[PDB]
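Considered here are two forms of the same protein chain, supplied as structure tokens in two stand-alone entries, structure 1 and structure 2.
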Structure 1
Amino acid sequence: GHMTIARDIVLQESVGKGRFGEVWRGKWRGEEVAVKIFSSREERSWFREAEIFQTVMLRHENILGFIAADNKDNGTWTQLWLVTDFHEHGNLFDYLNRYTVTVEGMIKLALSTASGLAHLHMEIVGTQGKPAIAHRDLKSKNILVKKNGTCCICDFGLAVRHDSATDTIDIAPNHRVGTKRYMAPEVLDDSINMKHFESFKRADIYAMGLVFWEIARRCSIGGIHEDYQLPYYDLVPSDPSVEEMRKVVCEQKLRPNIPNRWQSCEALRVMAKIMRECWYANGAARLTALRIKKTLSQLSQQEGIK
């Protein structure tokens, strides 16, 4: 047939894991594809991520390209597959550990992440309407770097969708899901109002601010940059508990430190200001993803990027 299906894909190499499922590099008609495999007992996680990926009008240059949700029976058990575009550079966490970026590179990565999130967060009204979506697990490990230097967001297993007319969320979400290190203050202290969709959007913003801090450290100007670090590397253990995170973020009220050299460059000054404005303990005070996109677009034009 013309459509991509599991039976026509050959797995070649293990390339990591998501929250649920294992990721493999596959081959479909000579072309590289990413394949996320789930067992029968993980049917709900598989189904939920396939459901998010198939949302009407979701496709966007800054959202991971969905190919197919399929089943493959090997004759003993059935694997549940989620097929997507393959990106050679892998995730932003891996890329930032391997490389430093230029001012252009940094702005390209930050702007494309902000454009992807604003598309996700924004409702598109009309006959082929797209509901507003909150990611709930944004981190550098869930952002993939494309060959052209732009980003796309992936891993939608925890995402929530909003029905604006009836003001309802498509699933009943559980407290403190996601990556503990990137959890917003209101998530860590359980004060988040989970019956208000805007709360999930604001929590994604906080996490995006942390990712921007990760990028900016790697922005090398005149061969000077910081080494790669995860946010809160200087304050919490490698695998921090919610209690360790809450004591730092909510009680001591600390945020990742803004290095003095970021004050000496306009692009880094703009990035530093966006970060602070993502990091308020109160979500209603944080910038929106659309405002961040607008700010970074203006900065991209000023520096003549791409």
Structure 2
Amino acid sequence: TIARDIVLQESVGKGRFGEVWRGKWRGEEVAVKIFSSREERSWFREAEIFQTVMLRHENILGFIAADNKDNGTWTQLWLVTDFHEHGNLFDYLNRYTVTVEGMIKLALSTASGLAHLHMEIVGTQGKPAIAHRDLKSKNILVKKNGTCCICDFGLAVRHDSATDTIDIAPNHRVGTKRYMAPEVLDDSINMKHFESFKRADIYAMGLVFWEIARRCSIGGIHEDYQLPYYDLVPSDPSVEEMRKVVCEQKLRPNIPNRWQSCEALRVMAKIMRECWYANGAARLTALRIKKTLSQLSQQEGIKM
């Protein structure tokens, strides 16, 4: 219970569901996602995902509390989290270029958060695997230390490895069309196999890594900010437009020939290709991507 101890400052955005405000909790800046009684289901689902035992991780948005005022107003349901002044990765990459170190910090942090989300921990204080289903640069926040954290669990799915039960709402195609994996675009995805969701998140993470790498400046040389497929689909692409490029034409975002000249960009490009296979079962796992980027950061003396 926390809502009565928070002063709402200003609205900062609107999620898939709910409105996000910057607030102050006993002087500390917090983010508050507010929902009306009408979106009780989306509030309830996100609060449930956040309350998962052992989910806390520096690269997953820090949950503080969920509250219900039972007042019948637009401030009835609360989800209170940490506040990150920079906002999202999309805005960050539009404003700034990054150094090789900065790129590795953004990529490794995203992979670390997704590996934690995907990881099944067996025990008493155990953890079920979770898939995001809408990973994109607009759903990643940039912290003051230059690392990322994943947010917006409104479409997330939880697995029960014992009874094969998938906690899913809705049990159909969701997400941002631009970032949908080929198997999602062509309806071949096996919705009863939890691994399918993890594989689709990996494909989307590969597209986010391409967005970051384009902004990696070495001696002032870098690319302008673009969304994946900016050159191949119109703004707000339909499922048909995406299917033609991704499934039929087998196209992926172009990897600049100049990324082969830098070891960090070579490692990033190899990870992207191995996230992008049409065969989802051949893609890398988030844990393996995390450890590849961790080894590179360790050897190069990059500390997080």
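Start at 1 and count along the sequence of structure 1; that gives the residue numbers used here. Take the two forms, find the largest set of C-alpha atoms that superpose within 1.5 Å, and that set is the rigid core. Shifts are known only where both forms have a C-alpha.
The one residue among 180, 72, 161, 146 whose Cα position changes by 2 Å or more between structure 1 and structure 2, with the core held fixed by superposition, is 72. The rigid-core alignment places the CA of residue 224 less than 2 Å apart between structure 1 and structure 2. We note a C-alpha movement of 1.0 Å at residue 124 between structure 1 and structure 2, with the rigid core held in register. For residue 171, the CA shift between structure 1 and structure 2 after superposing the rigid core equals 2.7 Å.
Comparing the forms between structure 1 and structure 2 on their core, residues 71-79, 171-175 form runs of at least three in a row where every Cα shifts 2 Å or more.
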